[PDB]
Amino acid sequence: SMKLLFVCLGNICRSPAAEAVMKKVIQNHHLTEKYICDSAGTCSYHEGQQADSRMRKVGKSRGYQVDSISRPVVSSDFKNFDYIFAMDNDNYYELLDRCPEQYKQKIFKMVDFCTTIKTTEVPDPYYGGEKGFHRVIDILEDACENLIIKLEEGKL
């Protein structure tokens, strides 16, 4: 029914983890029948690629199944998804640049649902160490938990 799209740049680190974390939060709240999650990237360079092995490893250690095949955002995503969540500001403006005016209200910064971690973005962990991957999960656990609450309260 309600369809949620999580968007980063490559759809190999951040947004696959966002999808996995959000799926878990939804399952925890017994709302699996009501929500569908997906992820995509603003860029198609990595299209067809498995999630980054480090994110899969860190994901698993944190209790998540990170399992995605990278895909680019397509124009129909703006129509077909109910809400779209950008991992960082770059993703956010890219999405808005491509989004028809009538669907722009669907697009949010992931971090605008953080209530604990003070951060301006879900930082790209690709060129750092394992700590950067954990940081992404930290931010997602904060934001995704508050997001499910806002969705169920109808606050969007």
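We number the residues from 1 along the sequence you see.
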| item | value |
| --- | --- |
| Absent coordinates for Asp124 in a third or more of other compared entries | no |
| Coordinates absent for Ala40 in a third or more of other entries | no |
| 111 to 119 or 93 to 101, whichever carries the higher mean Cα B-factor | 93 to 101 |
| Greater mean Cα temperature factor according to the PDB record, 26 to 34 or 46 to 54 | 26 to 34 |
| CA B-factor placement of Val7, once the chain's modelled residues are sorted into thirds | lowest |
| Lowest, middle or highest third - CA B-factor, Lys131 | middle |
